[PDB]
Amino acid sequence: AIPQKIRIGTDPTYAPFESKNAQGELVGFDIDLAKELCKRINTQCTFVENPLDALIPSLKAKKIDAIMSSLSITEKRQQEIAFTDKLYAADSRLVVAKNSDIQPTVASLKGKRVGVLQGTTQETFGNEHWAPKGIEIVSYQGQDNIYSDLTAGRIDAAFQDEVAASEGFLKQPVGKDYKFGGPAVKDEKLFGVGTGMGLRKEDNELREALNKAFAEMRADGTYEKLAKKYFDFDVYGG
């Protein structure tokens, strides 16, 4: 029905969306979004932190009740779980050293190591369009160990969403020497064009009330205020 305590699973390795801080506290625009969605439907929310590859199964095991983890909405994920309406747009791009040639293409990526987070939409674009053409796909848990292997030379490109790379790495002094290398690779039916909150297919009423609550947060100006402490561009798109 509408559960009185909902357990939201998150992977806390993805700034600015969800990440831990000095005071250990969970922090980020997806965290802020869910806190506000929860008050608004008026129920107690607790966050469970797990790796992103474990969330979509924990949900089907009722170990958690929602997923908020910048989880992009895609045709394939949707033939297993349900999602709210679009919370904001996502785009994928590879990050490269400023001194590395590396392309969105089997050409200059041939025989290079691209790192992807396990469970993600770009781990699966990397296996279907890119490993057969000879570029090696290295999967990780913890988005922060991918950026850390990139700056150490261990991998040659880091593959993930644009705004997290941008805000969480390239605008930080550790990504000063790095850059996006190439466009966003285009695959609308694999990547999806936005993220949402993941929910079981059978919970139609907790899904309907989250959609209403979010709708309202976009119309009274609460979304624009929550977005503005992280972004100076329009995160939502349209």
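Residue positions are given as counts along the sequence shown, with the first one as 1.
Just going by the entry, 179-187 versus 57-65 on mean CA temperature factor gives the higher value to 179-187. Looking at mean Cα B-factors across 80-88 and 150-158, the upper value is held by 80-88.
Highest C-alpha temperature factor among 129, 113, 93, 98 per the entry: 129.
Residues shown: 71, 137, 164, 106. Highest C-alpha temperature factor in the entry: 106.
Annotation for residue 12: C-alpha temperature factor in the lowest third relative to the rest of the modelled chain, per the entry.
Among all modelled residues in its chain, residue 217 ranks in the middle third by Cα B-factor. Annotation for residue 48: C-alpha temperature factor in the middle third relative to the rest of the modelled chain, per the entry. Ranked against the other modelled residues of its chain, the C-alpha B-factor of residue 198 as given in the entry falls in the middle third.
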